[PDB]
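Trainee: Just so it is clear, I am handing over protein22.cif, which has mmCIF, C-alpha atoms and all ligand atoms.
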```
data_target
#
loop_
_atom_site.label_atom_id
_atom_site.label_comp_id
_atom_site.auth_asym_id
_atom_site.auth_seq_id
_atom_site.Cartn_x
_atom_site.Cartn_y
_atom_site.Cartn_z
CA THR C 1 50.32 310.36 267.43
CA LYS C 2 49.94 306.58 267.54
CA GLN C 3 50.97 305.84 263.96
CA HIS C 4 54.65 306.48 263.19
CA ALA C 5 54.80 305.75 259.50
CA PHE C 6 52.65 306.53 256.49
CA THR C 7 52.39 304.92 253.09
CA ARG C 8 51.70 306.78 249.86
CA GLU C 9 48.08 305.61 250.13
CA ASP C 10 47.81 307.26 253.51
CA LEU C 11 49.23 310.46 252.08
CA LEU C 12 46.77 310.34 249.17
CA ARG C 13 43.97 309.81 251.69
CA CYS C 14 45.32 312.78 253.58
CA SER C 15 45.23 314.83 250.34
CA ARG C 16 41.49 314.07 250.07
CA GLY C 17 40.80 315.29 253.61
CA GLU C 18 40.15 311.72 254.72
CA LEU C 19 43.09 311.19 257.12
CA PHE C 20 42.66 314.13 259.50
CA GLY C 21 39.02 314.88 258.64
CA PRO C 22 37.14 317.73 256.96
CA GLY C 23 38.41 321.25 257.77
CA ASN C 24 41.78 319.90 258.87
CA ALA C 25 45.17 319.59 257.29
CA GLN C 26 45.42 318.26 253.71
CA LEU C 27 48.59 317.52 251.85
CA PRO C 28 48.62 318.53 248.19
CA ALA C 29 47.52 315.92 245.70
CA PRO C 30 49.77 315.15 242.70
CA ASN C 31 51.34 316.87 241.04
CA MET C 32 52.23 319.17 243.96
CA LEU C 33 52.67 316.30 246.43
CA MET C 34 56.43 315.97 247.00
CA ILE C 35 56.47 313.00 249.36
CA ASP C 36 55.85 309.30 248.60
CA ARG C 37 56.12 308.01 252.14
CA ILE C 38 56.78 309.02 255.72
CA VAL C 39 59.24 306.48 257.13
CA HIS C 40 59.30 307.91 260.63
CA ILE C 41 57.31 310.52 262.49
CA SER C 42 57.42 311.03 266.23
CA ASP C 43 56.89 313.83 268.74
CA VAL C 44 59.88 312.84 270.87
CA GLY C 45 63.55 312.60 269.81
CA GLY C 46 65.00 314.55 266.92
CA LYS C 47 67.75 317.12 267.04
CA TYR C 48 65.82 319.21 269.60
CA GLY C 49 64.02 316.52 271.53
CA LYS C 50 60.71 317.86 270.20
CA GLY C 51 60.06 315.39 267.39
CA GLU C 52 61.29 314.32 263.97
CA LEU C 53 60.10 313.33 260.54
CA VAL C 54 61.91 311.26 257.97
CA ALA C 55 60.29 310.97 254.54
CA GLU C 56 61.13 309.84 251.01
CA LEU C 57 60.42 310.76 247.42
CA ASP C 58 61.31 308.23 244.75
CA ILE C 59 62.94 309.70 241.66
CA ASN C 60 62.66 308.52 238.08
CA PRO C 61 63.25 310.39 234.82
CA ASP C 62 59.51 310.67 233.93
CA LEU C 63 58.55 312.83 236.88
CA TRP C 64 56.74 315.77 235.21
CA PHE C 65 59.03 318.55 236.35
CA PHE C 66 62.14 317.13 234.67
CA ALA C 67 61.00 317.78 231.07
CA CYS C 68 60.15 321.48 231.57
CA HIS C 69 62.89 322.35 234.12
CA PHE C 70 65.09 322.82 232.19
CA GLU C 71 64.91 321.73 228.57
CA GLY C 72 68.24 320.00 227.87
CA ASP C 73 69.25 320.30 231.54
CA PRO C 74 66.80 318.36 233.69
CA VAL C 75 66.91 319.02 237.44
CA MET C 76 64.32 318.89 240.25
CA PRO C 77 63.25 322.39 241.12
CA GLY C 78 64.75 323.46 244.44
CA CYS C 79 61.47 325.11 245.35
CA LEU C 80 59.68 321.74 245.32
CA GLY C 81 62.16 320.08 247.66
CA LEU C 82 61.81 323.06 249.91
CA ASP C 83 58.06 322.66 249.67
CA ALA C 84 58.28 319.01 250.71
CA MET C 85 59.75 320.22 253.99
CA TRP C 86 56.78 322.63 254.47
CA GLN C 87 54.46 319.72 253.56
CA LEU C 88 55.99 317.58 256.31
CA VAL C 89 55.82 320.31 258.92
CA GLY C 90 52.11 320.96 258.16
CA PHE C 91 51.39 317.26 258.26
CA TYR C 92 53.09 317.08 261.63
CA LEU C 93 50.68 319.65 263.05
CA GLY C 94 47.68 317.70 261.71
CA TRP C 95 49.10 314.46 263.02
CA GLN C 96 49.28 315.96 266.50
CA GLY C 97 45.49 316.39 266.34
CA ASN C 98 45.26 320.12 265.81
CA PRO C 99 42.37 321.46 263.74
CA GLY C 100 42.39 323.77 260.72
CA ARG C 101 43.88 324.05 257.23
CA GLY C 102 47.58 324.48 256.51
CA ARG C 103 49.43 327.55 255.30
CA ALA C 104 53.23 327.85 255.17
CA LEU C 105 54.42 331.08 256.83
CA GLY C 106 58.01 331.04 255.56
CA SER C 107 61.56 330.14 256.65
CA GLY C 108 64.84 331.52 257.87
CA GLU C 109 67.93 330.70 255.86
CA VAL C 110 67.54 328.28 252.93
CA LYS C 111 70.60 326.87 251.19
CA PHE C 112 70.85 324.82 248.05
CA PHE C 113 74.34 323.25 247.65
CA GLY C 114 73.50 320.28 245.39
CA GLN C 115 70.82 318.95 243.02
CA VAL C 116 68.53 316.12 242.06
CA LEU C 117 69.08 314.67 238.59
CA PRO C 118 66.66 312.33 236.76
CA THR C 119 69.22 309.51 237.30
CA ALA C 120 68.89 309.73 241.11
CA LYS C 121 67.01 307.02 242.99
CA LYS C 122 65.61 308.61 246.09
CA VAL C 123 65.29 311.90 247.90
CA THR C 124 65.07 311.82 251.71
CA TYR C 125 63.79 314.62 253.91
CA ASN C 126 64.90 314.93 257.53
CA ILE C 127 62.88 317.39 259.61
CA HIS C 128 63.63 318.34 263.19
CA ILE C 129 60.87 320.02 265.07
CA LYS C 130 62.14 322.90 267.14
CA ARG C 131 58.95 324.26 268.67
CA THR C 132 55.19 324.08 268.45
CA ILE C 133 52.93 326.88 269.63
CA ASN C 134 49.32 326.05 270.50
CA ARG C 135 48.59 329.42 272.02
CA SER C 136 45.82 330.78 269.80
CA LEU C 137 47.22 330.37 266.32
CA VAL C 138 48.77 326.96 265.98
CA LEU C 139 52.15 326.78 264.34
CA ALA C 140 55.34 324.81 264.14
CA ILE C 141 58.96 325.76 263.63
CA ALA C 142 61.56 323.36 262.35
CA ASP C 143 64.89 322.77 260.70
CA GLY C 144 65.17 320.54 257.65
CA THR C 145 67.56 318.89 255.25
CA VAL C 146 67.10 317.40 251.84
CA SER C 147 69.36 314.57 250.75
CA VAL C 148 69.67 312.58 247.54
CA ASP C 149 71.06 309.03 247.54
CA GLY C 150 72.87 309.68 250.82
CA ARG C 151 74.18 313.14 250.00
CA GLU C 152 72.89 316.23 251.83
CA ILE C 153 72.07 318.94 249.25
CA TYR C 154 69.68 321.51 250.86
CA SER C 155 69.17 322.99 254.31
CA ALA C 156 66.45 325.17 255.77
CA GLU C 157 66.35 326.79 259.18
CA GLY C 158 63.22 328.15 260.80
CA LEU C 159 60.64 326.54 258.54
CA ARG C 160 57.28 327.75 259.76
CA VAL C 161 53.79 326.40 259.05
CA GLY C 162 50.51 327.36 260.62
CA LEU C 163 47.01 325.87 260.82
CA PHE C 164 43.94 327.98 260.37
CA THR C 165 40.37 327.22 261.26
CA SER C 166 39.58 330.17 259.05
CA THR C 167 42.20 331.22 256.41
CA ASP C 168 40.04 334.33 255.70
CA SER C 169 42.84 336.70 256.88
CA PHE C 170 45.14 335.59 253.93
CA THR O 1 71.02 344.84 228.79
CA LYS O 2 69.58 346.64 225.79
CA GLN O 3 65.98 345.36 226.08
CA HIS O 4 63.88 346.38 229.11
CA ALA O 5 60.73 344.35 228.69
CA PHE O 6 59.89 340.79 227.63
CA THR O 7 56.70 339.16 226.38
CA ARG O 8 55.57 335.64 227.17
CA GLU O 9 56.87 334.50 223.78
CA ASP O 10 60.30 335.92 224.67
CA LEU O 11 60.19 333.97 227.89
CA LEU O 12 59.22 330.79 226.09
CA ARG O 13 62.11 331.41 223.68
CA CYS O 14 64.34 331.82 226.72
CA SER O 15 63.03 328.49 228.05
CA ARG O 16 64.19 326.79 224.85
CA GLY O 17 67.72 328.21 225.19
CA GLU O 18 67.06 330.53 222.28
CA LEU O 19 67.19 333.93 223.99
CA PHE O 20 70.59 333.87 225.70
CA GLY O 21 72.05 331.06 223.62
CA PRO O 22 73.24 327.51 224.26
CA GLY O 23 75.00 326.83 227.58
CA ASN O 24 73.41 329.96 229.11
CA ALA O 25 70.47 330.73 231.34
CA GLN O 26 67.06 329.12 230.66
CA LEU O 27 63.84 329.79 232.36
CA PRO O 28 61.67 326.78 233.02
CA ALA O 29 59.06 325.91 230.46
CA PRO O 30 55.46 325.36 231.52
CA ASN O 31 54.33 324.14 233.83
CA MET O 32 57.20 325.30 236.08
CA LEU O 33 57.35 328.74 234.43
CA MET O 34 55.82 331.18 236.94
CA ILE O 35 56.06 334.39 234.87
CA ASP O 36 54.00 335.54 231.88
CA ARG O 37 55.85 338.76 231.20
CA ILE O 38 58.60 341.02 232.38
CA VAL O 39 57.22 344.53 232.41
CA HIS O 40 60.49 346.21 233.43
CA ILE O 41 64.07 345.10 233.85
CA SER O 42 67.02 347.46 234.34
CA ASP O 43 70.47 347.43 235.92
CA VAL O 44 70.13 350.87 237.41
CA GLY O 45 67.53 352.08 239.90
CA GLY O 46 65.72 349.79 242.27
CA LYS O 47 65.77 349.88 246.08
CA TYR O 48 69.57 349.55 246.14
CA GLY O 49 70.51 351.39 242.97
CA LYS O 50 71.76 348.14 241.42
CA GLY O 51 68.78 347.24 239.26
CA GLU O 52 65.18 346.08 239.37
CA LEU O 53 62.70 343.67 237.80
CA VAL O 54 58.94 343.92 237.66
CA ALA O 55 57.08 340.93 236.26
CA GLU O 56 53.56 339.53 236.10
CA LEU O 57 51.71 336.23 236.18
CA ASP O 58 48.05 336.19 235.05
CA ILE O 59 45.71 334.15 237.25
CA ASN O 60 42.58 332.26 236.32
CA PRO O 61 40.75 329.38 238.04
CA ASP O 62 41.96 326.74 235.56
CA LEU O 63 45.67 327.04 236.29
CA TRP O 64 46.79 323.44 236.94
CA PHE O 65 48.01 323.87 240.48
CA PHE O 66 44.62 325.00 241.82
CA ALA O 67 42.92 321.62 241.44
CA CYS O 68 45.52 319.60 243.34
CA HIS O 69 46.54 322.26 245.89
CA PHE O 70 44.41 321.78 247.88
CA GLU O 71 41.31 319.76 247.01
CA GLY O 72 38.35 321.84 248.26
CA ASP O 73 40.69 324.72 249.15
CA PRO O 74 42.42 326.04 246.04
CA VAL O 75 45.43 328.29 246.57
CA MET O 76 48.61 328.94 244.59
CA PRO O 77 51.54 327.15 246.21
CA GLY O 78 53.76 329.57 248.09
CA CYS O 79 56.82 327.72 246.86
CA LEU O 80 55.95 328.58 243.25
CA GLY O 81 55.66 332.30 243.88
CA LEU O 82 58.95 332.09 245.68
CA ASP O 83 60.36 330.27 242.69
CA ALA O 84 59.20 333.03 240.40
CA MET O 85 61.53 335.33 242.26
CA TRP O 86 64.45 332.93 241.77
CA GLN O 87 63.43 332.69 238.11
CA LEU O 88 63.68 336.48 237.76
CA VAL O 89 67.03 336.73 239.52
CA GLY O 90 68.56 334.06 237.27
CA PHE O 91 67.11 335.68 234.20
CA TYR O 92 68.73 338.94 235.30
CA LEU O 93 72.13 337.33 235.37
CA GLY O 94 71.66 335.94 231.83
CA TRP O 95 70.29 339.26 230.69
CA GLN O 96 73.51 340.94 231.83
CA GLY O 97 75.42 338.74 229.38
CA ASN O 98 76.97 336.31 231.85
CA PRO O 99 77.51 332.75 230.62
CA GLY O 100 76.38 329.49 232.22
CA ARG O 101 73.30 327.67 233.44
CA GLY O 102 71.21 328.83 236.42
CA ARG O 103 70.91 327.27 239.83
CA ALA O 104 69.25 328.89 242.81
CA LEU O 105 71.52 328.90 245.88
CA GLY O 106 68.90 329.83 248.49
CA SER O 107 67.54 332.81 250.42
CA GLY O 108 67.54 334.55 253.79
CA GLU O 109 64.18 335.14 255.45
CA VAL O 110 61.08 334.20 253.46
CA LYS O 111 57.59 335.22 254.70
CA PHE O 112 54.17 334.34 253.44
CA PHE O 113 51.48 336.63 254.85
CA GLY O 114 48.80 336.29 252.18
CA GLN O 115 47.68 334.04 249.32
CA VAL O 116 46.67 333.79 245.70
CA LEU O 117 43.14 332.46 245.15
CA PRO O 118 41.69 331.27 241.82
CA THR O 119 39.57 334.45 241.75
CA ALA O 120 42.64 336.70 241.65
CA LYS O 121 43.49 338.51 238.40
CA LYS O 122 47.22 339.04 238.48
CA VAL O 123 50.34 338.39 240.46
CA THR O 124 53.15 340.91 240.32
CA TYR O 125 56.77 340.32 241.36
CA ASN O 126 59.07 343.15 242.37
CA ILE O 127 62.76 342.26 242.63
CA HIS O 128 65.44 344.58 243.84
CA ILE O 129 68.98 343.59 243.00
CA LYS O 130 71.30 344.13 245.93
CA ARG O 131 74.62 342.83 244.59
CA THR O 132 76.19 340.91 241.74
CA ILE O 133 79.48 339.09 242.11
CA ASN O 134 81.52 338.29 239.00
CA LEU O 135 81.66 332.24 240.22
CA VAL O 136 78.88 334.54 239.06
CA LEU O 137 75.95 335.17 241.38
CA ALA O 138 73.29 337.69 242.29
CA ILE O 139 71.67 338.64 245.56
CA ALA O 140 68.30 340.28 245.72
CA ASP O 141 65.29 341.12 247.77
CA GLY O 142 61.83 340.34 246.41
CA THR O 143 58.10 340.79 247.01
CA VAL O 144 55.08 339.02 245.59
CA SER O 145 51.81 340.89 245.31
CA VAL O 146 48.34 339.96 244.13
CA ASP O 147 45.99 342.59 242.65
CA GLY O 148 47.94 345.35 244.45
CA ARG O 149 48.33 343.60 247.78
CA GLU O 150 51.74 342.50 249.03
CA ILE O 151 51.60 338.91 250.24
CA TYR O 152 55.17 337.44 250.26
CA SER O 153 58.65 338.74 250.97
CA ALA O 154 62.09 337.22 250.51
CA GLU O 155 65.44 338.73 251.60
CA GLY O 156 68.80 337.55 250.25
CA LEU O 157 67.53 335.54 247.28
CA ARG O 158 70.66 334.07 245.71
CA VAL O 159 71.08 332.59 242.24
CA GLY O 160 74.29 331.50 240.53
CA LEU O 161 75.36 330.67 237.02
CA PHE O 162 77.45 327.65 236.29
CA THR O 163 79.45 326.90 233.17
CA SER O 164 79.53 323.28 234.42
CA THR O 165 76.72 321.74 236.65
CA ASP O 166 78.47 318.27 236.43
CA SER O 167 79.95 318.91 239.89
CA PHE O 168 76.85 320.42 241.52
CL1 LIG C 201 49.23 318.71 255.42
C1 LIG C 201 49.82 320.40 254.86
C2 LIG C 201 51.19 320.67 254.85
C3 LIG C 201 51.67 321.92 254.46
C4 LIG C 201 50.79 322.93 254.05
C5 LIG C 201 51.34 324.16 253.69
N1 LIG C 201 51.56 324.34 252.23
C6 LIG C 201 51.46 325.55 251.64
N2 LIG C 201 51.59 325.76 250.33
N3 LIG C 201 51.39 326.95 250.09
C7 LIG C 201 51.19 327.60 251.22
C8 LIG C 201 50.94 328.90 251.30
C9 LIG C 201 51.01 329.62 252.41
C10 LIG C 201 50.65 330.85 252.11
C11 LIG C 201 50.33 330.93 250.83
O1 LIG C 201 50.51 329.63 250.32
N4 LIG C 201 51.17 326.73 252.24
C12 LIG C 201 49.41 322.68 254.06
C13 LIG C 201 48.94 321.41 254.46
CL1 LIG C 202 66.78 332.03 233.68
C1 LIG C 202 66.96 331.05 235.16
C2 LIG C 202 66.40 331.52 236.35
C3 LIG C 202 66.51 330.81 237.54
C4 LIG C 202 67.16 329.61 237.58
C5 LIG C 202 67.30 328.92 238.78
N1 LIG C 202 66.13 328.13 239.19
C6 LIG C 202 66.32 327.02 239.88
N2 LIG C 202 65.37 326.12 240.13
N3 LIG C 202 65.96 325.14 240.82
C7 LIG C 202 67.24 325.47 241.01
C8 LIG C 202 68.09 324.72 241.72
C9 LIG C 202 69.17 325.14 242.36
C10 LIG C 202 69.74 324.13 242.99
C11 LIG C 202 69.06 323.01 242.82
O1 LIG C 202 67.92 323.35 241.98
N4 LIG C 202 67.49 326.65 240.42
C12 LIG C 202 67.74 329.14 236.38
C13 LIG C 202 67.63 329.83 235.17
#
```
Would you kindly transcribe this structure into structure tokens?

Mentor:
Amino acid sequence: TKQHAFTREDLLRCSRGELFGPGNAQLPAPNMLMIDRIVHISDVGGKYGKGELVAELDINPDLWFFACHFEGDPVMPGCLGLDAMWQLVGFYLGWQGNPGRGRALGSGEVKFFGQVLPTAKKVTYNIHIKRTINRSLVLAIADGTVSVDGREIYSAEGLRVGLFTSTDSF
Amino acid sequence: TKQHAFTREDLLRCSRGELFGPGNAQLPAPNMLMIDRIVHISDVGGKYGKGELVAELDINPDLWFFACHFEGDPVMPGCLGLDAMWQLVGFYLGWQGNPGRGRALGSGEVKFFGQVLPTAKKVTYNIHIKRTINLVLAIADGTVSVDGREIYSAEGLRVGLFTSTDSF
């Protein structure tokens, strides 16, 4: 809760289990990691007054997904930008100090109304936390947008991620 | 519309633009391709009477995503199983003979209530077409199952075809 920004190195450390500790939240490592840095994370402010994350993914044409998706028509998979939002929401829960491993639980409406081309510079994720529930299962609910070089292209309402001290029920 | 099942090699051919032709729908190539075969595709039947797809992805422990997602806790990314459903809905549109390149437009509710482990054998996707609109787009519900067990649902999956993605 004390640190409000994270470098790529921090996120890589997180992916090894070395930021939040063993048994607790881990981001994906590359090539599933869809964030380079967290520019701002807080548990006050945001659209709902319950916290906010802003994060960035640098784009260049040699990112692996461009060559296979699609041949002759390169474009960042929408599913991976969506996943970056789930990644942030999970991270948020770990960052608050909750224990357990992350699993996404889903979302309400998702809309894709733009795209990321290999000639783009930077994708930015804006996440507004709507609610956290610490009752027995720990989860978070949030709204999110994905933008590319200033232009909003995706929205998601009701992103949900949980933490599990035993994922055995999945 | 004439062929009701596709092998992996058909899907690869699709990924190269060589199934539906140039300017028309392409599946992703590996490693974004999340389907090995389409076991059944039709434009009648299904939950809504407007068509159906059943497809499969074989699982083994060496699939690339297991090692990085997550270290010490391998599990297929939910987003990729979701994407498989968008992949199938786009394919459907190309398979009907519509022109243009595919872009997913979103979904209504998505739920993940299970997971794919490296010890699973096979993932199966069931897609029920709800509506096509001829801008061309399709709307569908989908489920993802692993070795018989339903684990994800999506309602209102939407994919469109575009004869120009310059503007998108
Ligand atoms: Cl730090 C952090 C951030 C986000 C997450 C969640 N990511 C996630 N991917 N796939 C699933 C999933 C859910 C069910 C099946 O698969 N969940 C984990 C750790
Ligand atoms: Cl065959 C066939 C099947 C499915 C699709 C769509 N898949 C898809 N991934 N990412 C996007 C997208 C949408 C908006 C931004 O990115 N769309 C294309 C061809």

Trainee: Any chance you could tabulate, as a tab-separated table, the residues of chain C at most 7 Å from ligand LIG 202 (chain C) with each one's nearest atom pair and distance in Å to one decimal, using only C-alpha atoms and all ligand atoms, in chain and rising number order?

Mentor:
```
residue	atom	partner	partner_atom	distance
C:75	CA	C:LIG202	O1	6.4
C:76	CA	C:LIG202	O1	6.0
C:77	CA	C:LIG202	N3	3.9
C:78	CA	C:LIG202	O1	4.0
C:79	CA	C:LIG202	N3	6.4
C:112	CA	C:LIG202	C10	5.2
C:113	CA	C:LIG202	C10	6.6
C:114	CA	C:LIG202	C11	5.8
C:115	CA	C:LIG202	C11	4.4
C:116	CA	C:LIG202	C11	7.0
```

Trainee: Would you kindly report the residues of chain C within 6 Å of chain O, using only C-alpha atoms, as a PyMOL selection string?

Mentor: chain C and resi 28-29+68-70+79+83+105-112+114+170

Trainee: Using only C-alpha atoms, please write the residues we just selected to a file, as a compact mmCIF listing (two decimals), keeping the file's coordinate frame.

Mentor:
```
# COMPACT_ATOMS: atom_id res chain seq x y z
CA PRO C 28 48.62 318.53 248.19
CA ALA C 29 47.52 315.92 245.70
CA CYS C 68 60.15 321.48 231.57
CA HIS C 69 62.89 322.35 234.12
CA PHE C 70 65.09 322.82 232.19
CA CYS C 79 61.47 325.11 245.35
CA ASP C 83 58.06 322.66 249.67
CA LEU C 105 54.42 331.08 256.83
CA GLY C 106 58.01 331.04 255.56
CA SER C 107 61.56 330.14 256.65
CA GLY C 108 64.84 331.52 257.87
CA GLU C 109 67.93 330.70 255.86
CA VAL C 110 67.54 328.28 252.93
CA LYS C 111 70.60 326.87 251.19
CA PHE C 112 70.85 324.82 248.05
CA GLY C 114 73.50 320.28 245.39
CA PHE C 170 45.14 335.59 253.93
```

Trainee: Could you write out as lines of an AutoDock Vina configuration file the box around ligand LIG 201 (chain C) (axis-aligned, all atoms listed in the file, 4 Å on each side), with centre and edge lengths in Å to one decimal?

Mentor:
```
center_x = 50.3
center_y = 324.8
center_z = 252.8
size_x = 10.7
size_y = 20.2
size_z = 13.3
```

Trainee: Measuring between only C-alpha atoms, which one of O:8, O:13, O:149, O:50 shows the shortest distance to residue O:130?

Mentor: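 Among the listed residues, the smallest separation from residue O:130 belongs to O:50.
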
Trainee: Give me, please, the distance in Å between atom CA of residue O:144 and atom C12 of ligand LIG 201 (chain C), quoted to one decimal.

Mentor: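 So the two atoms, atom CA of residue O:144 and atom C12 of ligand LIG 201 (chain C), lie 19.3 Å apart.
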
Trainee: For residue C:102, please output as a list in words all residues within 9 Å (counting all atoms listed in the file; exclusion window: fewer than 2 positions along the same chain).

Mentor: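 Result of the neighbour search: residues 24, 25, 26, 27, 87, 90, 91, 93, 94, 100, 104, 161, 162, 163, 164 and 167 of chain C.
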
Trainee: Give me the residues near residue C:143 as an NGL selection string, where near means some atom within 8 Å (using all atoms listed in the file) and where sequence neighbours in that chain fewer than 2 positions away do not count.

Mentor: :C and (127-130 or 141 or 145 or 155-159)

Trainee: Restricting the calculation to all atoms listed in the file, which member of C:32, C:88, C:120, C:138 is positioned closest to ligand LIG 201 (chain C)?

Mentor: C:88

Trainee: Using all atoms listed in the file, which of C:54, C:39, C:33, C:142 sits nearest ligand LIG 201 (chain C)?

Mentor: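 Between C:54, C:39, C:33, C:142, the residue approaching ligand LIG 201 (chain C) most closely is C:33.
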
Trainee: What's the separation between atom CA of residue O:99 and atom CA of residue C:149, in Å to one decimal place?

Mentor: 29.8 Å

Trainee: Hey, what's within 8 Å of residue O:46 if we count only C-alpha atoms and toss same-chain stuff fewer than 5 positions away? As a list in words, please?

Mentor: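 The residues satisfying every condition are residues 51, 52, 128 and 129 of chain O.
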
Trainee: If I take atom CA of residue C:63 and atom CA of residue C:119, how far is one from the other in Å, to one decimal?

Mentor: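 Going from atom CA of residue C:63 over to atom CA of residue C:119 covers 11.2 Å.
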
Trainee: With all atoms listed in the file as the atoms that count, which of O:145, O:164, O:53, O:7 lies nearest to ligand LIG 201 (chain C)?

Mentor: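 Comparing O:145, O:164, O:53, O:7 against ligand LIG 201 (chain C), the winner is O:145.
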
Trainee: Quick one: of C:144, C:123, C:30, C:73, who's nearest to residue C:13, counting only C-alpha atoms?

Mentor: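 Answer, going by the shortest atom-to-atom distance: C:30.
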
Trainee: Tell me which of C:35, C:14, C:146, C:64 sits closest to ligand LIG 201 (chain C), counting all atoms listed in the file.

Mentor: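 Checking each of C:35, C:14, C:146, C:64 against ligand LIG 201 (chain C), counting all atoms listed in the file, the winner is C:14.
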
Trainee: Mind checking which residues fall within 10 Å of residue C:6, counting all atoms listed in the file, ignoring those fewer than 5 positions away in the same chain, and posting them as a PyMOL selection string?

Mentor: chain C and resi 11+36-41+55

Trainee: Got time to write the residues from that selection, C-alpha atoms, as a PDB file, in the frame of the given file?

Mentor:
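Saved result, again28.pdb, follows:
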```pdb
ATOM      1  CA  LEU C  11      49.230 310.460 252.080  1.00  0.00           C
ATOM      2  CA  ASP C  36      55.850 309.300 248.600  1.00  0.00           C
ATOM      3  CA  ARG C  37      56.120 308.010 252.140  1.00  0.00           C
ATOM      4  CA  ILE C  38      56.780 309.020 255.720  1.00  0.00           C
ATOM      5  CA  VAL C  39      59.240 306.480 257.130  1.00  0.00           C
ATOM      6  CA  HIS C  40      59.300 307.910 260.630  1.00  0.00           C
ATOM      7  CA  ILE C  41      57.310 310.520 262.490  1.00  0.00           C
ATOM      8  CA  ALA C  55      60.290 310.970 254.540  1.00  0.00           C
TER       9      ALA C  55
END
```
